[PDB]
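*Asks:* please find the sequence and an experimentally derived structure below.
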6 protein chains.
Amino acid sequence: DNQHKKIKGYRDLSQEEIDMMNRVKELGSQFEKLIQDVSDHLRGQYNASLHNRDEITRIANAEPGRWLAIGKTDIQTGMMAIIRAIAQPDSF
Amino acid sequence: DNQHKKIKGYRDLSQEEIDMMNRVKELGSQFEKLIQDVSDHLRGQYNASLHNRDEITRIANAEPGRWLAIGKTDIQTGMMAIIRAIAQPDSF
Amino acid sequence: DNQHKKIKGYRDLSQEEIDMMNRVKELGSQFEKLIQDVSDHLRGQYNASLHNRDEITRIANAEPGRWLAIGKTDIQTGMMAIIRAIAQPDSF
Amino acid sequence: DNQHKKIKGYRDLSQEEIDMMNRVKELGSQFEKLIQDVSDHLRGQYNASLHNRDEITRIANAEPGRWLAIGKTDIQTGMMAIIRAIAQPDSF
Amino acid sequence: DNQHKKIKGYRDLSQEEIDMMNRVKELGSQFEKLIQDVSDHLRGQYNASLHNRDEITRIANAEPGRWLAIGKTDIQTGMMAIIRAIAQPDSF
Amino acid sequence: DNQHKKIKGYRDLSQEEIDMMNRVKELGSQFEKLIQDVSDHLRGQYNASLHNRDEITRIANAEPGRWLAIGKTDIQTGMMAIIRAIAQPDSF
């Protein structure tokens, strides 16, 4: 109970602060859907491109999945930073 | 004219691809508004907290603006990665 | 009260989980002290090197403060990631 | 022998500089132990949670190992930056 | 046709701008070759070190491939940033 | 003297290893020149665009210098990672 007070640096937060943190998380959920949609497109692209070695080689050289992964991480890490700015913890 | 064909690795893109790239950019615009809103909150917080050295010191230790900045960069860099996954260029 | 339950994705945490999160934060505090110590060294180095244009130019080309800053951010962002691994939130 | 003088930008270092670089590396070793401990916890959590599909799905959605990995990289990259600030090389 | 005008924020570019963007991409190609060369060295090192458990353990602890991967990503992401600085898009 | 042996994790290196590390550093020097050239272009662009508020606002919204800075850091951090892969230190 009241876990936050047991965590170093965590401070009591206003409703306004929580609302903002929650908004960032909600916008992120919309990004997640987009990321899933891109993944779906890539999977279809690979399937449709089966038997075209030349296109398969192009997809492999492009590395689209790695790039989608790099992006997800970035969106997520960024969300955490905006949330940290709102939360303003007292620890390093 | 047709600048893209003058850029190494850039390839002709489908409408479907452009639509997706544009969607990422549009979602990012929504993040930009949120980022601006957080900045506004922080500015107000500083103003209201003027004359409370203790709170001003807390805000300074928290470094909220640096964190908002780190987040913007991350959201933006990530967007570029998702776009790269959609665009699939032919260059390293 | 019970702010966490008002935040999307946050889940009830065990004492064991909190202890671990707190340990990461404590180790980070030790890094903060080191970072401050390096900053102190750099400041002294600049002072002692005043009137040696050649050394001042060397420090400026090296960009030590930027590098210390890049490191602090990295240590901190990493701490957040380990904490996220321990906390295991239910949101993206 | 004297490899450093064969590496571009590397410069002769004071004992004080080496001591500081070594301290960062030693603190990092303490982080490594923590990272290993978190990994151990996660492995146990997965084992104990075997046969609870609902919990296994929760762990998978959380992606704790990816997050631990992101953190290790960050701690390590940051250490390198602090070390670079201490070492102050003469190369870009 | 004229895909760029269909992409949000993309703007007409001068030849001078394209030339610079292309130069960054060309320099990156040189990095790609180096990265491939390092990978080749690592593969040879592993082969030659087969049957020396002690050396194999050393390579594994070092994690050279992960580090090469982290570097490729960084070089590439950076290239994109320099290109963004040259291109100057009108979107977030 | 023999500083490297005084640094934790640093190991004796082959000429082949040093040559490769040096090559990465040399390629980086070429990137530095490009980065300086882009900076020069941006400065000229700002000068020539003085008295065109509309263009000045465009440059400011674009944030080209921040982006060049993000890129330099990335190129540099990446170089360090490739070098780490070649050097293979024995420390975390």
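*Replies:* That came through fine. Residues are numbered from 1 along each chain as shown, chains lettered A, B, ... in the order given.
*Asks:* tell me which element the residue nearest the centre of chain A is part of?
*Replies:* Centroid-nearest residue in chain A, with CA atoms, centre = their mean: residue A:76, separated by 3.4 Å. Counting by DSSP states H and E, the element that carries residue A:76 is helix A:64-87.
*Asks:* give me the buried positions along that helix.
*Replies:* By 16 or more other CB atoms under 10 Å in any protein chain shown, the buried positions in helix A:64-87 come out as A:64-65, A:67-87. All C-beta spots, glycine's among them, are computed from the backbone N, C-alpha and C.
*Asks:* residue A:3 - nearest residue in space that isn't next to it in sequence?
*Replies:* residue C:13 (5.3 Å; CB to CB, 6 or more residues apart in numbering or on different chains).
*Asks:* about what we covered before: shouldn't the residue nearest to the centre of chain A be in contact with residue A:28?
*Replies:* Yes: with contact defined as CB atoms under 8 Å, residue A:76 reaches residue A:28; the gap is 7.0 Å.
*Asks:* which residues are common contacts for these two?
*Replies:* By CB atoms under 8 Å, 6 or more residues apart in numbering or on different chains, residue A:76 and residue A:28 have these common neighbours: residue C:92.
*Asks:* mind listing what the residue of chain A found nearest chain D touches?
*Replies:* Among all residues of chain A, residue A:73 sits closest to chain D, at 6.6 Å; criterion: CB to the nearest CB. The contact partners of residue A:73, by CB under 8 Å, 6+ apart, come to B:78, D:70.
*Asks:* for chain E, see how far away residue A:68 is.
*Replies:* Noted for residue A:68: a distance of 13 Å to chain E, by CB to the nearest CB, to the nearest Å.
*Asks:* does residue A:20 sit in a helix or strand, and which one?
*Replies:* helix A:15-48.
*Asks:* please identify the buried residues of that helix?
*Replies:* A:17-18, A:20-25, A:27-28, A:31, A:34-35, A:38-39, A:41-42.
*Asks:* once you drop chain neighbours, what's closest to residue A:74?
*Replies:* residue B:78 (3.0 Å).
*Asks:* residues of chain A that sit close to chain E?
*Replies:* Neighbours of chain E within chain A, by CB under 8 Å from any CB of the partner chain: residue A:70.
*Asks:* quick check: residues of chain A near chain C?
*Replies:* A:1-4, A:6-9, A:12-13, A:15, A:18, A:21-22, A:25-26, A:28-29, A:31-32, A:76-77, A:80-81, A:84, A:91-92.
*Asks:* one more pass at 6 Å, please.
*Replies:* Contact residues, chain A versus chain C (CB under 6 Å from any CB of the partner chain): A:3-4, A:6, A:8, A:13, A:18, A:22, A:25, A:28-29, A:32, A:80, A:91-92.
*Asks:* relative to the centre of chain A, find the outermost residue for me.
*Replies:* Max distance from the centre of chain A (CA atoms, centre = their mean): residue A:51, 33.2 Å.
*Asks:* that residue and residue F:26, how far apart?
*Replies:* 44 Å (CB to CB, to the nearest Å).
*Asks:* do residue A:35 as well
*Replies:* For residue A:35, the distance to residue F:26 - CB to CB - is 38 Å.
*Asks:* now residue A:85
*Replies:* 40 Å.
*Asks:* now residue A:68
*Replies:* 33 Å.
*Asks:* again with residue A:60
*Replies:* 30 Å.
*Asks:* residue A:79 contacts residue A:29, doesn't it?
*Replies:* No: look at residue A:79 against residue A:29 with CB atoms under 6 Å: they stay out of range, at 10.1 Å.
*Asks:* Three-state assignment for the residue farthest from the centre of chain A, please.
*Replies:* Three-state assignment for residue A:51 (DSSP: H, G, I helix; E, B strand; the rest coil): coil.
*Asks:* what does residue A:8 give?
*Replies:* coil.
*Asks:* list the contacts of it.
*Replies:* Applying CB atoms under 6 Å, 6 or more residues apart in numbering or on different chains, we find residue A:8 in contact with A:91, C:22, C:25.
*Asks:* now it. Nearest residue, chain neighbours left out?
*Replies:* With CB to CB, 6+ apart as the criterion, residue A:8 has its nearest non-adjacent residue at 4.7 Å, and that residue is residue C:25.
*Asks:* wait, doesn't that neighbour sit right on residue A:90?
*Replies:* No: applying CB under 6 Å as the test, residue C:25 and residue A:90 come out as separate, 10.3 Å apart.
*Asks:* for residue A:22, see how far away residue A:81 is.
*Replies:* In terms of CB to CB, residue A:81 sits 16 Å off from residue A:22.
*Asks:* and the residue farthest from the centre of chain A, backbone torsions?
*Replies:* Torsion angles at residue A:51 (phi, psi; degrees, to the nearest 10) stand at phi 80, psi 10.
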